[PDB]
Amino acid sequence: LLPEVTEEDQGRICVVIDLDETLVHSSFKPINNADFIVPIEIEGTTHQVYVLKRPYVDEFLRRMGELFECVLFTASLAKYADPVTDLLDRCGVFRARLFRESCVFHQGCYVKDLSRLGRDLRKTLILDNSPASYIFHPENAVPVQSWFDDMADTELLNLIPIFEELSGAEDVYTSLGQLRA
């Protein structure tokens, strides 16, 4: 599902990161406030999508790129997720981008089956505001609050030390256990 790990990612934990409401929040409603506007052609017609970036996402993503092998894994469709991530990931942090079709369908949910990834699950984390994405691996999860438009959010700032603590772990199940301890 994922390309072979690179030379530089060699010993790194693999962190799977969701897009909508975790890193960004999108809408069809025009706003003046928006960080990006992306044209998406819908059933062959063209819809402006207005995207707000979550506070600190740029610095959060940069640090993560220094510490982990970062993957984007979203249940949204590529035609949306690729341009939005292209503009969001202004430093090239994501090694891979997986979309709706790499998810499994579980009666109406799209689950991110971490075991299809080709990485040691003892060295994999998932960051996602929907517990339904991680039905099969809640023990690898680092939950995060949904975000929409709150400019005073500091959740990604709060989480940086957390991942800083985790980044050298040999088994995430032990580490998350001691973090929660």
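We number the residues from 1 along the sequence you see.
Comparing the deposited coordinates for 40-48 and 123-131, the stretch with the larger average C-alpha B-factor is 40-48. Taking the PDB entry as given, 5-13 carries the higher mean Cα B factor of the two stretches 5-13 and 154-162. Remark: of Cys91, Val104, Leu98, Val84, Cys91 shows the highest value [criterion: C-alpha B-factor in the PDB entry]. In the deposited entry, the Cα temperature factor of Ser26 sits in the middle third of values across the chain's modelled residues. Annotation for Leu61: C-alpha temperature factor in the middle third relative to the rest of the modelled chain, per the entry. Remark: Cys70 belongs to the middle third of its chain, ranked by C-alpha B-factor as recorded. Ranked by C-alpha B-factor against the other modelled residues of its chain, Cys109 falls in the highest third.
Ranked against the other modelled residues of its chain, the C-alpha B-factor of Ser115 as given in the entry falls in the middle third.
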